[PDB]
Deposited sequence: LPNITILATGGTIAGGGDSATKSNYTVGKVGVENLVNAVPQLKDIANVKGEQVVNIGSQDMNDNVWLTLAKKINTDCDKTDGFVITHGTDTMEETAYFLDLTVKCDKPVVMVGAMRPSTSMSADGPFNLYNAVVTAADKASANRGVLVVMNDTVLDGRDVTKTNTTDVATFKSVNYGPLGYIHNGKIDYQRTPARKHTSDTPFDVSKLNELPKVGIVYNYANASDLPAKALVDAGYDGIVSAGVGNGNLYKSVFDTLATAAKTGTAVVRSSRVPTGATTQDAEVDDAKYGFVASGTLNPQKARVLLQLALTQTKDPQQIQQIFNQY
């Protein structure tokens, strides 16, 4: 039986006797916070730990709060260099609740980490009998146990009675096939998100600029459009070094280049299918290699 390390970032999500049949599980408490307080330090802590301990286990499961699991999933998808499977898992209902989803979520997550088929597929989020790539996976509902989906290109496979049927694999480069390497970073570049809406104030953007933020993600309207005020600030900020990425508050679909913004004229980067919090993850990492907008755009076209 394979040896699987369980990395915990909060409390239990489940106690699950059926684990014995699949793997020799070992547990470690890495940090203990709710996922709404996730932060850079924990991301570095996690990636370094998976990367260093990679030869010591047959694979990792990370228990994590569902609220920002999509962010941590994508961060590890760009920075883990361990070829073995790294699977993330949460629960939408308390462990003590009726019909708690945790126990079977943790079981199915271990099934995935123990399956040789899951290697070289990137960081995975396993939820509601579904194997999801860390890039496209997002939380779509505030309460539904089925909440995690890949709303653009879909899941990688499904789990029925302990066996995964794999039928898709993502084209974007992940994990050991990416240039990012955080093993020697104690700090990620400062990147913030600003929302767009009718009559949107430019003060949130002006504040991140006056703080010297390395980059700013715009949660645009429609295909990455910006409210006039916010537009002007970010355009000024771009001309003085600040990287700005046009994402969208719209939950599915890409923010494309050659849309309604002349990104070349202003030095802006389009985020494609990466939603704002995910666009932030790539921009942070991108800023560890380059400040140049055309090169940041190439990166957003590749990862």
Missing C-alpha runs, given along the deposited sequence, first residue counted as 1:
15-37
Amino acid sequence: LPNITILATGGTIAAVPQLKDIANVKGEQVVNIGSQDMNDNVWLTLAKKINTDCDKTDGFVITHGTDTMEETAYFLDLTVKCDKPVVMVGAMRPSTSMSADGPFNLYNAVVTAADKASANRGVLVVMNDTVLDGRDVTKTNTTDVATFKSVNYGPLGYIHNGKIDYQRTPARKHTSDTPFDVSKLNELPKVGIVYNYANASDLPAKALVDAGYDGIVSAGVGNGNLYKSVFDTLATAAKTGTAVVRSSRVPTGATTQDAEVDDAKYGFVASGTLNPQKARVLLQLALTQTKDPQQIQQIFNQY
From here on, numbers count along this sequence of modelled residues.
If you take the mean CA temperature factor per stretch, which one wins between 204-212 and 144-152?
204-212
Taking the recorded C-alpha temperature factors, which stretch has the higher mean, 183-191 or 132-140?
183-191
Taking the values straight from the PDB record, which of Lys49, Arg246, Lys239, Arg249 has the highest C-alpha temperature factor?
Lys239
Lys173: CA temperature factor from the record, placed by chain third, in the middle
Test of reading the entry: by CA B factor among the chain's modelled residues, which third contains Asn223?
lowest
Modelled-residue ranking by C-alpha temperature factor, third containing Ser99:
middle
Relative to the other modelled residues in the chain, which third contains the C-alpha temperature factor of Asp77: lowest, middle or highest?
highest
Ranked by Cα temperature factor within the chain, is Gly90 in the lowest third, the middle third or the highest third?
lowest
